[PDB]
Amino acid sequence: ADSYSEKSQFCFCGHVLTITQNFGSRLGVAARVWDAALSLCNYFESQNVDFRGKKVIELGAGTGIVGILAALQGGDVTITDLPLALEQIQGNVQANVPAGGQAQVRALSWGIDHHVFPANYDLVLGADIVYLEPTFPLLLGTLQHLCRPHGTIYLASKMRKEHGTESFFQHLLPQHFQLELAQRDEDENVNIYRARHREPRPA
Ligand SMILES: Nc1ncnc2c1ncn2[C@@H]1O[C@H](CSCC[C@H](N)C(=O)O)[C@@H](O)[C@H]1O
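Structure follows, in structure tokens:
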């Protein structure tokens with residue numbers, strides 16, 4: 024069969040997001056909009072998360088949907104994935120982000136390419152990116168590097184114990200991050216975590 028695309032339509036925060044998913048062309052999981060992405064976008068809407076002027080990076084963006092919403096909300100956004108997904112992401116940026124929006128696309132293979140990015144992002148985003156246990160230390164170190172001292176990380180995941188999500192969120196991440204369960208969507212079984220660099224306590 025020919026490769027083909029499917030469009031999925033969304034309206035978040037009053038903006039149109041028309042997201043192309045490129046199937047049959049060997050993107051694998053990067054082609055799909057997964058469930059925690061929708062949850063995270065709905066949370067940015069419901070909580071009126073402020074992106075205006077903030078320096079934002081998305082990891083494992085897939086289609087780019089979350090980072091696109093951040094850019095529509097006024098963020099200065101860098102949307103990243105492996106090289107295989109970047110053309111898809113770029114298409115979705117071109118389709119959705121207006122002239123005054125800021126959304127660049129770059130490769131960032133976790134724990135390999137993080138040192139060609141600065142260490143000064145205000146917001147670091149990841150939806151459906153906690154699923155490959157052998158990658159966990161690479162992701163951890165990437166998060167550490169990107170998030171500026173007073174920055175915030177948002178991670179949204181469908182909870183699946185057999186892929187290591189509890190290990191990640193309940194063992195690895197809390198060691199050096201102050202971690203909040205920002206929201207649990209019981210129906211979707213998606214948790215949204217907010218993380219900040221762990222602070223030594225003064226007393
Ligand atoms: N080592 C790695 N470095 C960078 N991105 C990676 C990676 N391993 C997996 N990914 C990316 O992580 C994504 C997981 S699928 C989730 C895509 C999207 N954020 C969504 O929630 O819908 C894929 O696009 C995949 O290519």
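Here the entry's author numbering is used: the first residue of the sequence shown is 24, the next is one more, and so on. By construction, the Cβ of each residue, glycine as well, lies at the ideal position given by its N, Cα and C atoms.
Item, Value
"Is any heavy atom of ligand 1 found at a distance shorter than 8 Å from the C-beta of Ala94?", "no"
"Could you please give the first and the last residue of the uninterrupted beta strand (DSSP E) stretch that includes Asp58?", "From DSSP, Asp58 is part of no beta strand (DSSP E) but of the alpha helix (DSSP H) over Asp58 to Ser69."
"Quick check: the Cα distance between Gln127 and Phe74, rounded to an integer number of angstroms?", "15 Å"
"From this set, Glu29, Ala205, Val153 and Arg207, which residue's C-alpha is nearest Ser190's C-alpha?", "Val153"
"Helix or strand or just coil, what does DSSP make of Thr41?", "strand"
"Pick helix, strand or coil for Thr188, following the three-state DSSP scheme.", "helix"
"Does any heavy atom of ligand 1 sit closer than 8 Å to the C-beta of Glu68?", "no"
"Three or more C-beta pairs closer than 8 Å, one from the segment 82 to 93 and one from the segment 114 to 121: is that the case here?", "yes"
"Is any heavy atom in ligand 1 found nearer than 8 Å to the beta carbon of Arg55?", "yes"
"Going by C-alpha to C-alpha distance, which of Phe192, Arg171, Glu110 and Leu95 sits closest to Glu68?", "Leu95"
"With DSSP collapsed to three states, give me the class of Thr101.", "strand"
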